[PDB]
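Presented below is the structure to which this report refers.
Residue numbers (PDB author numbering): -1 to 73.
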């Protein structure tokens, strides 16, 4: 299945993103690249005070539809 979540950047700008619970964090990064043009290696995704790990899924992190990730520039 699919759901909508949100990604909020430090500018305050918040964007919809269409994901699946089975998506790995790297796949979610891949979606942000298509929509916004940010390569995955310029991205960190934070939720619940943690940096989310590649190889884990949204379902593993218990991230609910209409939740909000923070998007952070990886340096």
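Even for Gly, the Cβ is constructed at its ideal location relative to N, Cα and C.
*Alpha carbon of residue 18 to alpha carbon of residue 42, nearest angstrom*: Against the chain shown, residue 18 aligns to sequence position 20. Against the chain shown, residue 42 aligns to sequence position 44. Whole-angstrom Cα-Cα distance: 19 Å.
*Determine which residues share a DSSP beta bridge with residue 100 and list them.*
Residue 100 is absent from the structure shown; the chain starts at -1 and stops at 73.
*Which residues mark the beginning and the end of the alpha helix (DSSP H) in which residue 33 is found?*
As a first step, residue 33 is located in the chain shown; it is residue number 35 there, counting from the start. Per DSSP, residue 33 belongs to the alpha helix (DSSP H) from 23 to 34.
*Leaving out the 5 sequence neighbours to the left and right, which residues in its chain are closer than 8 Å to residue 20 when beta-carbon positions are compared?*
Working through the chain shown from its first residue, we reach residue 20 at position 22. So the qualifying residues of the chain are 55, 56, 57.
*asked:* Can you tell me whether residue 40 is helix, strand or coil according to DSSP?
replied: On the chain shown, residue 40 is found 42 positions in, with the first residue counted as 1. Three-state DSSP puts residue 40 in a helix.
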